[PDB]
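Notes follow once the structure below has been shown.
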Amino acid sequence: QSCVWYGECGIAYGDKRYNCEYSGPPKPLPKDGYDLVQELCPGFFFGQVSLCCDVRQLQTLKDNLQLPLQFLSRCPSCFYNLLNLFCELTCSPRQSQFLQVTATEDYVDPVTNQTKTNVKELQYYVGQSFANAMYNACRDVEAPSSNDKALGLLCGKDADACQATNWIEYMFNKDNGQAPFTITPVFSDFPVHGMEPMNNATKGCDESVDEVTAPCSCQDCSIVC
Ligand SMILES: *[C@@H]1O[C@H](CO)[C@@H](O[C@@H]2O[C@H](CO)[C@@H](O)[C@H](O)[C@H]2NC(C)=O)[C@H](O)[C@H]1NC(C)=O
Ligand SMILES: CC(C)CCC[C@@H](C)[C@H]1CC[C@H]2[C@@H]3CC=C4C[C@@H](O)CC[C@]4(C)[C@H]3CC[C@]12C
Ligand SMILES: *[C@@H]1O[C@H](CO)[C@@H](O)[C@H](O)[C@H]1NC(C)=O
């Protein structure tokens, strides 16, 4: 197994950071990050919890999930697949299979003056079926106390123009003011020049995420009506 990054490096803009380039194997997560990994990416919470992310990156992921939560929190299945898209990107011990760094710049530690490398942009090979299922679970979600669709607030365009791939492309575009750096998505259910797209299992909005989480309401999910 191999990573493309590990830990945070320099400022991108605002309070947002690039991650440090790293191409070695995943590393066991410190125990102080177990609460975060349980909360965000419980699918990875087993064995040595060897991941291609550190505690800082998990904390940053949690902070950055606030706006998706703002609009999608009422439909746990919809939010679940979205969290998984980000968990795999952030932490997967097999990152190198589906991520390709495309731009870097040097990072200089201000105290030791040791150089590291900011991952400035990367390409993310996302399963076509994954992306379609993620959109499918979210597409009827209503913005809280409204009759408009939640995706119209997370897609940089109205809901009637929002589609699976342009949604993911928008969320991954730092021009949105939220993403710290741009990720360019490539959608395929098939390998691409030896890259194996991320095609994790997904949950529909009519399914329970787990034993303690109900399916989404009829208002947010026309299947359950
Ligand atoms: C994406 O899917 C992979 C493959 O199913 C998940 O990895 C498994 O997770 C379960 C639950 O902890 C473990 O029992 C297995 O040992 C894992 N399998 C392998 C082959 O790694 C992974 O959890 C999913 N990703 C996320 C973020 O949930
Ligand atoms: C404007 C709206 C639609 C944006 C909604 C999606 C936001 C929350 C997404 C887009 C890109 C995402 C980021 C992608 C990459 C990383 C690097 C990782 O090591 C820490 C988490 C972090 C920083 C993610 C947090 C969630 C994120 C900021
Ligand atoms: C998702 O796809 C199913 C069929 O797989 C369909 O019934 C439903 O209308 C779609 N949308 C939602 C919100 O689940």
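Tabulated data for the structure shown
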| quantity | calculated |
| --- | --- |
| Label-point separation, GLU196 to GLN1 (7 Å along Cα→Cβ), nm | 1.3 nm |
| Selection from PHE187, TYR107, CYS87 lying farthest towards where the dipole of the chain points positive, charges on Cβ | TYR107 |
| Size-normalised alpha-carbon gyration radius of segment 106-147, reference 2.2 N^0.38 Å | 2.23 |
| Set of segment 1-30 residues, backbone N closer than 11 Å to the point 7 Å along the Cα-Cβ line of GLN48 | 1, 25-29 |
| Magnitude of the charge dipole, the chain, Cβ model with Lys/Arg +1 and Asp/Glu -1, debye to 20 | 320 debye |
| Largest-first ellipsoid semi-axes for the chain, taking √(5λ) over the Cα gyration tensor eigenvalues, angstrom | 30, 19, 17 |
| Computed FRET value (nearest 0.05) for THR165 with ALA214, which takes r as the C-beta separation and R₀ as 45 Å | 0.95 |
| Alpha carbon convex hull of segment 58-174, projected area averaged over orientations, nm² | 8.7 nm² |
| 222 nm mean residue ellipticity, helices alone, for the chain (DSSP H n ≥ 4; -39,500 (n - 2.57); rounded to 500) | -8000 deg cm²/dmol |
| Local net charge near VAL224, Cβ-Cβ under 12 Å (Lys/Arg +1, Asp/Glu -1) | -4 |
| Extended-chain gain in nm, criterion 0.36 nm per residue less alpha-carbon gap, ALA179 and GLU105 | 24.9 nm |
| Using a Förster distance of 45 Å, the FRET efficiency for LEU67-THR115 (Cβ separation, nearest 0.05) | 0.85 |
| Spatially proximal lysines relative to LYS16 (Cα-Cα < 26 Å; intrachain offsets below 8 disregarded) | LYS27, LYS31, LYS62, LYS116, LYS120, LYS157, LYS174 |
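Every residue, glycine among them, receives a Cβ derived from its backbone with ideal geometry; neighbour counts consider all protein chains shown. Each value in this text was obtained by applying a stated rule to the coordinates, not by laboratory testing.
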